[PDB]
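Asker: Before I ask anything, here is the structure I am working with.
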Amino acid sequence: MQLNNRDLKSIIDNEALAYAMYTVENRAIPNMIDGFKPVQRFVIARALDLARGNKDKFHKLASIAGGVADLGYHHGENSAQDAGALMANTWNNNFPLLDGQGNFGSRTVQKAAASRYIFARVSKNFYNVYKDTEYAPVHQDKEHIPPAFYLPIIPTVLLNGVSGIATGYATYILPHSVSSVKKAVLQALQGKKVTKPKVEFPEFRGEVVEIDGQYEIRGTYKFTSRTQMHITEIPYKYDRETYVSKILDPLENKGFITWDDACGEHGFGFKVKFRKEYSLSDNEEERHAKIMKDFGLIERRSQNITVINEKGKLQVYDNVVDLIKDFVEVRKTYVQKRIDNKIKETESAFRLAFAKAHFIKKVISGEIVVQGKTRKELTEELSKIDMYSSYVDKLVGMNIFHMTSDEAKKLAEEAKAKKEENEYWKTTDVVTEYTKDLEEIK
Amino acid sequence: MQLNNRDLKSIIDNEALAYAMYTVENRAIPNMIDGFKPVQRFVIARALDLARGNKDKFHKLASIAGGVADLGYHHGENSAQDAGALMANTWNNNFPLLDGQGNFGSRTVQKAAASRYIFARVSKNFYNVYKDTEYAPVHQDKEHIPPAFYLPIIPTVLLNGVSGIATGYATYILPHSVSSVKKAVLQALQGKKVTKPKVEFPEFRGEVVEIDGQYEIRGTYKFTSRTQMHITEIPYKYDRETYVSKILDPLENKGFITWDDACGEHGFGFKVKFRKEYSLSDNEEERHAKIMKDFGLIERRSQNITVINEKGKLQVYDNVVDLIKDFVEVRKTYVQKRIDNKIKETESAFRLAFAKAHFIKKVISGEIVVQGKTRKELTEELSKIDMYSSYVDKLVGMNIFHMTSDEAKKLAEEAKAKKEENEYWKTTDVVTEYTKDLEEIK
Amino acid sequence: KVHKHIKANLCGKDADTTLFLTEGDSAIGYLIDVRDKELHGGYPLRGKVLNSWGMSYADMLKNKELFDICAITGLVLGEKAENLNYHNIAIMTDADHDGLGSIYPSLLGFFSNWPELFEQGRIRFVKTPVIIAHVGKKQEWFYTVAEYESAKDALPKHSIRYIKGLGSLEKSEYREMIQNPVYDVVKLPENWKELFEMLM
Amino acid sequence: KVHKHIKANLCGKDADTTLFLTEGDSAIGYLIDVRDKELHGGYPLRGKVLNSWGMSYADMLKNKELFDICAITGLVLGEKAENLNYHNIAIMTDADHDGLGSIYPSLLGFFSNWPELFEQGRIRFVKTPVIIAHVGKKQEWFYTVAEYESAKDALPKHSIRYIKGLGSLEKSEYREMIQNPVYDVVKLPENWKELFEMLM
């Protein structure tokens with residue numbers, strides 16, 4: 001009945017604070033270091049957990065994106081289920097972070113199949129570009145079992161694109177080609193003049209140009225007769241149904257053109273035949289503007305580069321060059337950490353191998369007898385030797401076949417190899433290691 | 001373009017057959033051997049899978065009963081979620097097959113708390129009565145990862161009760177006391193006269209007795225004044241809200257009695273004070289009958305023993321004695337299987353131990369040298385020894401401390417133990433083993 | 001003028017064209033990427049549709065999806081089987097219970113109002129393989145569970161893949177299924193009323 | 001008249017009497033199992049209750065739950081708290097967001113409509129533990145995450161158990177929380193009509 005009592009209604013801030021927690025840890029802005037979203041973090045963590053040793057196994061999408069609740073996802077599983085198909089496909093990403101087996105849709109029809117008829121796995125495109133997963137800092141909150149952000153080699157924010165709309169901010173990071181980003185990161189490692197990465201939409205063979213600096217995207221029209229042409233492509237943000245209904249069907253309803261659906265296996269194929277009630281002007285420049293105006297072949301665009309940094313703060317970058325520079329600056333330190341830890345582990349491994357070789361050659365030499373030692377007196381006398389005492393248990397767990405010359409000479413040579421590999425780790429630097437990692441990605 | 005044209009209407013049976021599968025493998029009738037229900041099978045299988053080594057870990061009910069989809073449950077997770085609280089409590093079972101930590105309700109209010117605020121684990125009451133889990137026959141269909149039926153020691157159909165209503169059949173298996181069922185099974189092992197097991201409702205201190213064939217349940221009314229009594233208990237199928245609204249509030253609405261809610265921690269406590277507008281007759285037998293009628297202290301019931309047997313057939317038993325006899329007949333064979341397999345495994349284990357002891361004694365004797373043998377020459381001669389050749393790979397995997405006399409002498413003795421242990425499995429019979437298992441349950 | 005259609009060039013023209021009454025626009029996208037450019041058509045369904053009988057003919061016409069399909073095939077309610085924009089009609093649905101147990105009987109009940117269509121046998125069904133066995137480099141296409149059980153006795157590399165639902169198929173699988181199908185046809189008994197009267 | 005109520009013998013008397021506005025039938029049933037036989041009452045809520053600000057008093061009387069609590073406490077809308085069936089009122093909910101974010105604002109706004117009762121301070125809330133620490137064989141009752149973070153430095157065998165809602169606690173836990181409870185007033189400052197400006 002201990003009654004402590006204060007008339008502090010300001011505790012109602014715990015609502016807003018909680019709402020702040022509901023509008024901070026569950027935002028839609030991606031993360032600059034790892035290139036993920038809050039939903040995709042849990043999705044990829046669950047996929048990695050399920051894959052285990054047999055990463056080639058195709059897990060059901062329902063199991064992939066429905067069991068994320070216990071991982072620390074304070075939202076409905078529907079968001080994870082839908083975000084597991086808008087990221088694991090190939091028509092929307094230059095870098096598929098999750099390979100799939102099933103009907104994931106295409107640019108013709110941007111719709112997934114179902115919840116359980118498809119499968120997913122951690123693609124081979126993730127292991128070559130997301131090294132050092134276990135060094136990601138753990139989240140401040142315990143329930144966030146997946147780390148704050150994985151550590152990739154090239155920034156995944158740039159690739160695969162992303163379009164999010166938060167409270168007061170909007171991110172529309174345009175996708176970039178893998179080669180351009182790799183070259184930019186490699187050249188920014190050595191501090192040269194940074195070359196702006198290009199833009200390469202997935203499954204796009206049209207044109208993307210920055211005449212006004214707005215990064216606009218335009219398709220290709222190809223005349224085949226005096227009153228026919230073969231539209232090979234249209235701007236990216238278009239599927240068959242929405243394109244038809246929104247622009248092309250009203251154009252036909254105006255009594256101007258008639259379209260023959262020829263959507264082949266390679267993009268759109270919307271061939272169109274005009275009629276009498278249309279301009280069909282000459283001079284090849286007015287008809288040029290008309291052909292890319294009436295059929296919506298011209299798309300304006302803008303880059304709103306806003307993203308969360310390594311910490312909880314959110315920053316807006318004017319150009320991708322600053323993003324590349326900051327990401328590589330962070331990854332340099334996160335690679336130095338791995339360098340130090342590798343040195344520390346390799347020294348101990350070499351010492352253990354040296355002790356093992358010493359024990360094996362002393363035993364085969366007969367200086368110390370394996371048999372006749374009462375109450376495993378071996379361990380007792382090894383505890384008072386210069387190097388033995390550190391690994392006595394490991395020095396006793398020696399198999400019979402480890403005594404013969406086959407597993408003794410090779411053991412000594414392996415110890416020497418561990419020594420020289422420790423030297424290699426000692427003498428190497430961050431720049432060379434990161435350059436090797438950058439080259440490894442392809 | 002192969003034709004395969006048949007204008008046959010028999011394919012409409014694909015409806016009924018499929019509907020048959022939807023009304024055969026997803027019924028509500030329990031299984032006589034294991035005493036489960038189709039949903040409870042998947043629930044318990046997932047609980048056993050999640051428990052693993054740390055069976056004491058409290059898993060969330062949502063994880064327990066929501067991840068059953070991949071185990072082969074062709075139904076919504078809500079059935080598993082609700083069936084995980086009506087079996088894991090203590091107010092509805094004399095044998096809780098799943099211990100829990102949270103608000104699972106009680107007889108006062110028969111309602112669980114939530115989906116995620118509670119926890120569950122495989123109780124210690126399941127490991128002492130469900131031995132030989134890995135010998136359950138696998139289901140005919142592959143997607144049914146949990147086996148067809150686990151193998152318990154006493155029939156769990158009788159205990160904990162069950163109430164199902166299938167198409168054309170209804171089961172209301174009344175719960176029985178653990179001691180009665182154990183005694184019945186033990187005495188029916190030796191083929192004596194089977195004693196009918198008693199009926200013991202959970203958290204019931206009232207009276208249960210059969211009037212003529214069928215069972216009935218009655219509570220206890222205790223008079224304290226000329227116009228007051230202290231109802232100690234009421235029939236089992238009653239919670240506070242429904243009991244009040246259905247019988248007691250209408251009684252007060254007639255201007256007869258007024259109730260003082262005294263529902264203590266130990267069951268119901270509905271004390272009642274009369275008023276002038278009632279009989280309150282004398283002679284101690286008409287007043288008693290009027291009390292047991294108006295207050296609903298008498299509940300009639302019947303035993304409808306219908307249950308699926310070890311096969312797909314559904315059988316109806318007139319009395320529980322036949323169920324006990326058939327269950328023990330099945331479990332006798334399922335114990336004989338374990339006896340045979342134990343003999344088979346123990347013989348091999350004893351042979352391996354004997355070979356191990358032989359090798360260590362020859363090595364310490366120095367007849368065969370482990371050193372100086374290039375190309376691990378040992379195996380080559382071990383392959384041409386009478387008993388070595390069978391376990392060469394194991395015979396060379398000997399640690400250093402295994403050459404020590406401490407781990408040598410005992411090893412031989414251990415081998416000897418295995419040898420005599422083999423005899424223990426060789427001479428024992430099914431009856432003695434099952435009697436020991438029956439005694440082990442308490 | 002319907003909108004969901006995949007109308008080919010031979011709509012109305014005499015040919016060997018086929019109409020796919022498949023379920024799920026996701027499948028019809030695969031069809032667009034796989035279809036024959038001139039012969040094979042198609043149309044996506046909405047899903048669970050009301051039972052065909054139980055009400056009047058104008059009340060067949062009341063339903064939106066039925067209206068779209070009769071407009072597409074050109075077989076308007078109340079006439080003889082003529083003016084067929086598509087020479088053939090095929091049904092293909094997710095084969096666990098979504099279309100086999102829900103869509104197939106209702107669609108046959110609706111198509112039953114023209115016994116001439118069933119007499120021609122123009123209404124057919126493409127059997128999707130229930131299980132696929134991936135052996136070596138070339139996979140096999142066991143078409144039913146009974147065939148799988150009777151043919152699994154002698155086969156190495158018994159890698160199994162369930163094809164429950166049309167979404168499980170890849171582009172190669174769907175291409176093979178469409179280009180080289182089996183085309184099971186619909187029933188035609190001595191009486192065409194009682195066997196679907198079992199529906200109610 | 002009232003049905004869900006747990007009216008005690010001391011209800012309506014001059015003795016101390018507390019009313020529990022708990023959430024969920026499970027919690028009130030657990031109270032029944034753990035209640036004081038004469039002093040503590042209680043009543044369970046339904047869940048999402050409409051915002052009580054911005055309508056007529058008849059609109060407060062419209063909602064069933066508001067009518068039930070109005071009849072239970074005996075403080076009729078538009079009247080005063082001169083007589084009350086229960087001396088005290090306690091509010092307790094599942095403390096993750098179910099009652100803190102939903103029950104709290106509506107219930108506080110409804111109960112504030114009588115500033116005299118507010119000044120009496122009879123309306124109170126019992127703090128539920130957020131993490132329980134099992135140390136050795138005893139248990140400790142960290143009342144907030146900040147206390148856990150500032151007191152986790154020095155304790156052995158850190159067995160952590162979260163308490164998201166009322167269902168997590170056991171009979172020992174609820175018995176301790178009821179027989180040895182800690183309260184907090186509703187805290188309204190001089191601005192009656194200003195601190196709940198975010199309710200609508």
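Lettering and numbering for the structure tokens are positional, with chains as A, B, ... in the shown order, residues counted from 1 in each chain, and ligands counted from 1 in the shown order.
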Residues of chain D within 9 Å of chain B, using only C-alpha atoms, as a CSV table (one decimal) with N, CA, C and O atoms, in the first residue's frame?

Answerer:
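And here is the file that came out, iface_21.csv:
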chain,number,residue,atom,x,y,z
D,3,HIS,N,-23.9,-6.4,-14.1
D,3,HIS,CA,-23.6,-7.8,-14.4
D,3,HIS,C,-22.1,-8.1,-14.2
D,3,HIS,O,-21.8,-9.0,-13.4
D,4,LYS,N,-21.2,-7.4,-14.9
D,4,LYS,CA,-19.8,-7.7,-14.8
D,4,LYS,C,-19.1,-7.3,-13.5
D,4,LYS,O,-18.0,-7.6,-13.3
D,6,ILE,N,-18.0,-6.8,-9.5
D,6,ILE,CA,-17.6,-7.7,-8.5
D,6,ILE,C,-17.9,-7.1,-7.1
D,6,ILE,O,-17.1,-7.1,-6.2
D,7,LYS,N,-19.1,-6.4,-7.1
D,7,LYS,CA,-19.5,-5.7,-5.9
D,7,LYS,C,-19.2,-6.5,-4.6
D,7,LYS,O,-19.6,-7.7,-4.5
D,8,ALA,N,-18.6,-5.8,-3.7
D,8,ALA,CA,-18.2,-6.4,-2.4
D,8,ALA,C,-19.2,-6.0,-1.3
D,8,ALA,O,-20.1,-5.1,-1.5
D,9,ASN,N,-19.1,-6.6,-0.1
D,9,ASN,CA,-20.0,-6.3,1.0
D,9,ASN,C,-19.8,-4.9,1.5
D,9,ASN,O,-20.7,-4.2,1.8
D,24,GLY,N,-9.4,-7.1,-19.9
D,24,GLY,CA,-9.3,-8.5,-20.2
D,24,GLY,C,-10.0,-9.4,-19.1
D,24,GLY,O,-9.8,-9.2,-17.9
D,25,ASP,N,-10.9,-10.3,-19.5
D,25,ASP,CA,-11.6,-11.2,-18.6
D,25,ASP,C,-10.6,-12.1,-17.8
D,25,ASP,O,-10.9,-12.4,-16.7
D,26,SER,N,-9.5,-12.4,-18.4
D,26,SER,CA,-8.5,-13.2,-17.7
D,26,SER,C,-7.9,-12.5,-16.5
D,26,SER,O,-7.8,-13.1,-15.4
D,27,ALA,N,-7.7,-11.2,-16.6
D,27,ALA,CA,-7.1,-10.4,-15.5
D,27,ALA,C,-8.1,-10.3,-14.3
D,27,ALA,O,-7.8,-10.5,-13.2
D,28,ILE,N,-9.4,-10.0,-14.6
D,28,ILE,CA,-10.4,-9.9,-13.6
D,28,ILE,C,-10.6,-11.3,-12.9
D,28,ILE,O,-10.8,-11.4,-11.7
D,29,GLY,N,-10.6,-12.3,-13.7
D,29,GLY,CA,-10.8,-13.7,-13.1
D,29,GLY,C,-9.6,-14.0,-12.2
D,29,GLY,O,-9.8,-14.6,-11.1
D,30,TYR,N,-8.4,-13.6,-12.6
D,30,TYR,CA,-7.2,-13.8,-11.7
D,30,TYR,C,-7.4,-13.0,-10.4
D,30,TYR,O,-7.0,-13.5,-9.4
D,32,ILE,N,-10.3,-12.3,-9.1
D,32,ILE,CA,-11.3,-13.1,-8.3
D,32,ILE,C,-10.6,-14.2,-7.5
D,32,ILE,O,-10.8,-14.4,-6.4
D,33,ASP,N,-9.6,-14.9,-8.2
D,33,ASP,CA,-8.8,-15.9,-7.5
D,33,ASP,C,-7.9,-15.3,-6.4
D,33,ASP,O,-7.5,-16.0,-5.5
D,34,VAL,N,-7.6,-14.0,-6.5
D,34,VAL,CA,-6.6,-13.3,-5.6
D,34,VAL,C,-7.2,-12.1,-4.9
D,34,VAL,O,-6.5,-11.5,-4.1
D,35,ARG,N,-8.5,-11.8,-5.0
D,35,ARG,CA,-9.1,-10.6,-4.5
D,35,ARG,C,-9.1,-10.7,-2.9
D,35,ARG,O,-9.1,-11.8,-2.3
D,37,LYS,N,-11.5,-10.4,0.1
D,37,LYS,CA,-12.9,-10.9,0.2
D,37,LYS,C,-13.9,-9.7,0.5
D,37,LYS,O,-15.1,-9.8,0.2
D,38,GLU,N,-13.4,-8.6,1.0
D,38,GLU,CA,-14.4,-7.6,1.5
D,38,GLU,C,-14.0,-6.2,0.9
D,38,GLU,O,-14.9,-5.4,0.6
D,163,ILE,N,7.5,-8.7,-18.7
D,163,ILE,CA,6.1,-8.7,-18.4
D,163,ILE,C,5.5,-7.7,-19.4
D,163,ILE,O,5.4,-6.5,-19.1
D,164,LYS,N,5.0,-8.2,-20.5
D,164,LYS,CA,4.4,-7.3,-21.5
D,164,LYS,C,2.9,-6.9,-21.0
D,164,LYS,O,2.5,-5.7,-21.2
D,165,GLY,N,2.2,-7.8,-20.5
D,165,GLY,CA,0.8,-7.6,-20.1
D,165,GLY,C,0.4,-8.3,-18.8
D,165,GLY,O,1.2,-8.9,-18.1
D,166,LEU,N,-0.9,-8.2,-18.5
D,166,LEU,CA,-1.4,-8.8,-17.2
D,166,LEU,C,-1.3,-10.3,-17.2
D,166,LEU,O,-1.4,-10.9,-16.2
D,167,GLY,N,-1.2,-10.9,-18.4
D,167,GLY,CA,-1.2,-12.4,-18.5
D,167,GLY,C,0.1,-13.0,-18.1
D,167,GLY,O,0.1,-14.2,-17.8
D,168,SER,N,1.2,-12.2,-18.1
D,168,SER,CA,2.5,-12.8,-17.8
D,168,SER,C,2.7,-13.2,-16.3
D,168,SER,O,3.3,-14.2,-16.0
D,169,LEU,N,2.1,-12.3,-15.4
D,169,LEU,CA,2.4,-12.5,-14.0
D,169,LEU,C,1.7,-13.8,-13.5
D,169,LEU,O,0.6,-14.2,-14.0
D,170,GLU,N,2.2,-14.4,-12.5
D,170,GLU,CA,1.7,-15.6,-11.9
D,170,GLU,C,1.0,-15.2,-10.6
D,170,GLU,O,0.8,-14.1,-10.2
D,171,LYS,N,0.4,-16.3,-9.9
D,171,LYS,CA,-0.4,-16.1,-8.7
D,171,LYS,C,0.4,-15.4,-7.6
D,171,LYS,O,-0.1,-14.5,-6.9

Asker: Hey, what's within 8 Å of region 147-160 of chain A if we count only C-alpha atoms and toss same-chain stuff fewer than 4 positions away? As a ChimeraX atom specification, please?

Answerer: /A:30-36,41,92-96,129-133,135-139,173-178,181-182,185,324,327,331,334,437-438

Asker: Could you tell me how far CA of residue 162 (chain D) sits from CA of residue 131 (chain D), in Å to one decimal place?

Answerer: 4.5 Å

Asker: Could you state the separation of CA of residue 136 (chain C) and CA of residue 52 (chain A) in Å, given to one decimal place?

Answerer: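 Answer for the CA of residue 136 (chain C) to CA of residue 52 (chain A) separation: 24.7 Å.
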
Asker: Among region 14-186 of chain C, which residues does DSSP mark as alpha helix (DSSP H) when it is run on the backbone? Keep the chain and numbering as in the structure and answer as a ChimeraX atom specification.

Answerer: /C:25-34,57-62,64-73,103-111,115-120,145-151,171-179

Asker: Kindly indicate which residue among D:39, D:2, D:103, D:199 lies nearest to residue 70 (chain D), using only C-alpha atoms for the distances.

Answerer: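 Using only C-alpha atoms, the shortest distance to residue 70 (chain D) belongs to D:2.
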